[PDB]
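The structure appears right after this line, and notes come after that.
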DNA sequence: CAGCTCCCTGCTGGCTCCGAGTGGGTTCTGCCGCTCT
RNA sequence: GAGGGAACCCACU
DNA sequence: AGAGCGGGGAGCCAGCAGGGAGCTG
Ligand SMILES: [Zn+2]
Ligand SMILES: [Zn+2]
Ligand SMILES: [Zn+2]
Ligand SMILES: [Zn+2]
């Protein structure tokens, strides 16, 4: 039974609820880490070459089955214990599991057999385990089991704990591998170039890129050359084909030009043939390539070996890295030249760099695999160095001494802790920001950070193309959620139902293709290629097929029933160019779409009925995937589908747009991400306001996680009374926003009242604020440890007495206990002491290194936690709690980018009131609406008034025909209110009716983290910097403000030269030097004895006092260090 | 129009034009070996500048099965007379000057393509 | 976290009405009728009971440190 | 608050359609809705059967049995459309060999699915990390 | 008058710049093994 | 009554 | 012997290699 249109909204939200019941929101991180742990680590260990060390007896070291434990902690006693995540968070431990490998060492002796020794389960390092993955201790636990462990069942996981810090791996957008991309190089010697970032699948090795370029016109014609890897000059492509073992010309041109009746391809290969005519033999071509390699050879034989290994293992590794694969590599190189000729003729079109069919997403899996590949190569290097150092002189080596277990452990820990991704010794060339501290400010921050993508493009680039909202981001990437400022359009977020493919083996597809009438490339004449469809599997041309209807239909039928083709395998057919491309690699981003066949959905009422009882049929999303109803479509495959926005598009129209829809959208509001799905009516807002709300819903204040009392976070914000919104979208159920909400439903009058809400400000109700409206707590945690710095410097938690301790900040230690720490319940102030630490120096033996509270931060010690860190030292964390009452200057925002600061607070008797005595909680300016065009704000106020009168929770899903302004207006008029939300407000000061009628209603406001008391700063004088003797940096260091260069220019244009001197000389760094009146160099000046002396002149009577900035003295002394003499001549 | 390449038969390679003044004729003489071959056509190099009027050889008939390509019923086939056709444009750089519709017959095994 | 003692806008006592509201909801009153039975006639109090998220039930699932 | 929303495939049925042309083109837009034609011969049903799919021909031939001997030529129309690389042997009508080829192909598909499923997971062994659970004191 | 000299031009390589001002955070220095008792 | 730098990341106008 | 010391874009400028003219024996 077809789903009738009156049931379709319920049906699509039921199937969406099934998707978010099974998959969840952080599924891509957990899937990538699980596939890294299960498959990638073992592949890296096995694919590493065995260590063959001979001085002599020969030792063969082979690595075998890996073993991974659960995350365990070893204390200083050495006793293992199961490490829970809260213990790792509190004690600053790295939540890692030990990795045990099996090693086999075989001994070979002269005239003697092997000796095989089995070091079973050898410890080689600790892998940091991602939270709530398969190998975490929280896996498989229920909500009660998680609450017994003081964990949050709503906490998504998907992050690591490194030194007690939650780290998220941001996905990185790499270019897709094994795919020929042809671009016209801008202002270069090549008119068109064709590249292939070639990399052999399921093997972590760096990609080897080959370019096949075609030169610019301004010789006879157009020359195709080849920029090979490790060949530093441009080899002509015909010479490469000769070096591959093809002397003839029908061989090369049958590999390149598949149809011989076509003349233009021949007329363009003619200059490339005729420029490389003088080379006619294979080894002559090998010599011609190897003569221009990175390592040339004096011997011709060495050059032949060099060119052979370059063309064997480096030039196109994905098609073949082994011998006898010259025909498949040569067909792929001919395909690259063919695509270059097609694009240069204009017959084919140039590739787009911003198309996410051309881009893969390195998640935690591939990134950690790249790390572990490098670090296991380092470990094997260390083992071979140790064992070679022994077997050079010594009899034998014990292997457990050769295994440097710090390599894997500290390398993974360093890269996950600092975010500099790679090796520490090359940190300047390492990409940063791959690992980030997980944002825990609200739950929306956590989910948005866990679903974040990054373009590895410099943020100073003035080109806009990677920053643009490309058309192919539909349904994969949120169109609204992006940062403002230098990272706009580069840092992105996934949409709600977007899933990133985890990776699959190409093999079963290859056997199926072999037994389904595909003719291999190695067993065909090229003359059959010209009318047959080429088949690519993971970018590898594997054969041709002559019936592409039945092959594509068979492949789609297999994928739709969870057979040989798994669900994430992408199968694109390019009809116009006769190609079938099958991609199984990781990093492809896809989304589920309903399947439409013969203008009818395959999703029928029986599926909805079975999903309605998901708890008691065991029916789920995966059964929909198995039923051939939904289908995962990625970006390249979305270029060949015909989408229906709604099933109403499938209905026959009076002007029929399309009758060949292939798929249909489940709901279009799944193009939005996590933070843009909180916006009510996003389609009624201007898109900059949607982006602004996507930014500011991460800075809102709510309850960031349920177990916030256990956690010692450095900064935490908890709202007193978070409310779920009265006007929600249906996507907000799967973000768990009505369980960890981040705002309050205010009564907002959009009115001009007293002028204090002008230019984005708001007027709050003082009486409402007194009742807990937007009241919150700020938790700040301080950590301190008794670090043992050698034998002398012994820092200890002792309550400091002035009789024995020096170096104090002269503050009272009376609130400290006798264990050196403060205790919970004590009020503290900005000068007070919370940790008393004393270091023993070699009367004042002890120096005071006490931990002081942050300046001007009133609070009460909420918790003190005392533990032992990984090093066995005493370690303490103190959480201080400060109640933040809403105040003038605190930043409040609605869900429509209507941010502002509280400009004034009026009491209840002062704020305007309706005839029922309802005063607004917030008053915003009318002028904040018109140029902003946030009509979603007005509709949210109207719908919230209707929902608060009716008792419902209003639905504001973006694209919903069942909800419109007229329907809400009629509903509001049904409750005795004006239909457009206006009310007759009375002046609170005079009692008189306001002549205009004020638009008032419940609107969901959120309180942002940007409070004024966390930003107010002032200075008279204080700390100066060490080097330049200018004031310090920031309010945390009691620093000064920068009177920068444009302020200097403005004061020049003012003509205020004395104010310019006061700012740039007196109020920054006044100084006096003594300058010789002859040479102009600064002179020695004993001001105690009035002994002024200038060496270099022997001058003692002509010395002058010169007032300068200290930075000018520092500059002039750096210049005299630079062998430059600034001779400051006073005449 | 365009004249194709000529290939040597002995060493499997390209031929090259040459003018033998003994007969004062044109021969395709390979220059890897001693193979020679007289030429049927005197045209050696030929170029097309505004002769891009024939976009139909670049069109393959398979595009009748594309679900994303637009179908019309107002342009019937000349060969088989089917009502359904697919219409598109030529998408080359050498066809930016034109927005001419090219039509391909939707019915199987026909494959007839036309313009206007 | 827990039901506010007073309505923010007006000051009507709503802290004694959360358990009554939940009992009326599990007695299959509609939310509008449950709010009307509790005497919450202004929509400023109806949003106070309607939009409340009672997080304290889930904070009581954690075993007490003190 | 209604949203205006519609699309149009631009361009550039103006046709004198008489009785037989109208009847055949109505059938050419609703082929699949035929249960049983009654006693109609093949010659008048020539065009719409040409623009038809073999599942629909199967349904018609199992509802309109007596027509099969005059449909066989049209099956060659399907055969050279789908099994073009084949010729029938002696005493072979195109309908039954077409259905034999279809059944053989779908059985080959089922056998391939069964073989590749057992010969890739249940037959071989893929190397994977397993739980250690040693609680080794290799790292103290 | 052929070869040499002597100044215009074309090319490639080198070099230097890339908004102002604020909060907050973590992580690193430092990196480990020795020769002497 | 005043004892670190640097790198990086996030955010703000 | 542990404690401690040692080991990307954009745009402008400058030098060198090609011309084309003139010159002298
Ligand atoms: Zn002097
Ligand atoms: Zn020859
Ligand atoms: Zn036709
Ligand atoms: Zn109230």
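Residue numbers (my numbering), protein chains in the order written: chain U, 1 to 1131; chain A, 10001 to 10116; chain P, 20001 to 20066; chain E, 30001 to 30140. Just so you know, even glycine gets a beta-carbon here, dropped at the ideal spot from N, CA and C.
When Cβ-Cβ separations below 8 Å define contact, residue 30013 of chain E makes contact with chain A. The region 10094 to 10112 of chain A makes no contact with the region 910 to 924 of chain U: fewer than 3 CB pairs, one atom from each, lie closer than 8 Å. Between residue 806 of chain U and residue 779 of chain U, the C-beta gap is not smaller than 8 Å, which leaves the two residues out of contact. Taking 8 Å as the upper bound on Cβ-Cβ separation, chain A lies near residues 260, 261, 263, 264, 266, 267 and 270 of the region 255 to 272 of chain U. For residue 10112 of chain A, no CB of chain E lies under 8 Å from its own CB, so it is not counted at the interface with that chain. Judged by DSSP secondary structure, residue 1099 of chain U falls outside any alpha helix (DSSP H); it is assigned neither H nor E. Identification of residues in the region 277 to 310 of chain U having a C-beta nearer than 9 Å to some C-beta of chain A yields 277 and 280, given in sequence order.
Boundaries of the alpha helix (DSSP H) harbouring residue 27 of chain U: 27 to 35, taken from the DSSP string. Residue 10051 of chain A is outside the set of residues whose beta carbon lies under 8 Å from a beta carbon in chain E. Chain order is used for the residues whose beta-carbon lies nearer than 6 Å to a heavy atom of ligand 3, namely A:10077, A:10079, A:10080, A:10082, A:10105, A:10107, A:10110 and A:10112.
Taking the CA atoms as reference points, residue 132 of chain U sits about 46 Å from residue 925 of chain U. Under DSSP, residue 820 of chain U takes part in no beta bridge, so it has no partner. In chain order, 701, 717, 718, 719, 720, 883, 884 and 1007 place their CB closer than 8 Å to the CB of residue 776 of chain U, counting only its own chain and leaving out the 5 sequence neighbours on each side. Counting along the chain, residue 30079 of chain E sits inside no beta strand (DSSP E); it lies in the alpha helix (DSSP H) bounded by residues 30072 to 30082. Approximately 46 Å separates the beta-carbon atoms of residue 20046 of chain P and residue 364 of chain U; this is outside 8 Å, ruling out the contact.
By the Cβ-count criterion, residue 905 of chain U is buried, with 16 or more other Cβ atoms from all chains shown falling within 10 Å of its own Cβ.
Judged by the Cβ position, residue 35 of chain U fails to qualify as a neighbour of ligand 2 at the 7 Å threshold, every heavy atom of the ligand being at least this far. Checking the 7 Å criterion, the Cβ of residue 10038 of chain A is out of range of every heavy atom belonging to ligand 2.
In terms of Cα proximity to residue 544 of chain U, the closest of U:555, U:550 and U:580 is U:580. Annotation: the continuous alpha helix (DSSP H) that includes residue 20020 of chain P extends over 20018 to 20026. In the displayed model, residue 831 of chain U falls within coil according to three-state DSSP, outside both helix and strand. If you draw a 10 Å sphere on the C-beta of residue 1054 of chain U, you find fewer than 16 other C-beta atoms in it, and that means exposed. For residue 10066 of chain A, the closest Cβ of chain E is not nearer than 8 Å. By the criterion of a C-beta distance shorter than 8 Å, residue 526 of chain U is surrounded in its chain by 254, 255 and 258, once the five residues flanking it on both sides are discounted. When secondary structure is reduced to three states using DSSP, residue 351 of chain U falls in the coil class, being assigned neither helix nor strand.
As DSSP reads the structure, residue 20052 of chain P sits in a beta bridge with U:723. By the CB criterion at 8 Å, residue 92 of chain U and residue 202 of chain U fall outside the cutoff. From the listed residues E:30015, E:30112, E:30079 and E:30116, the smallest Cα separation to residue 30096 of chain E is found for E:30079. Boundaries of the beta strand (DSSP E) around residue 436 of chain U: 435 to 437. A Cβ of chain A is located within less than 8 Å of the beta carbon of residue 346 of chain U. Residue 10011 of chain A has its CB nearer than 7 Å to a heavy atom of ligand 2. Taking a contact to require three or more Cβ pairs closer than 8 Å, the region 401 to 414 of chain U and the region 372 to 392 of chain U qualify as touching.
Of all residues in the region 20003 to 20032 of chain P, only 20004, 20005, 20006, 20007, 20008, 20009, 20010, 20011, 20030, 20031 and 20032 place a beta-carbon less than 8 Å from a beta-carbon of chain U. Assigned with DSSP and collapsed to three states, residue 409 of chain U falls in helix. The alpha carbon of residue 69 of chain U has as its nearest neighbour, out of U:38, U:459, U:86 and U:75, the alpha carbon of U:38. Under the 8 Å Cβ criterion, the region 885 to 896 of chain U does not count as touching the region 862 to 877 of chain U, having fewer than three qualifying pairs.
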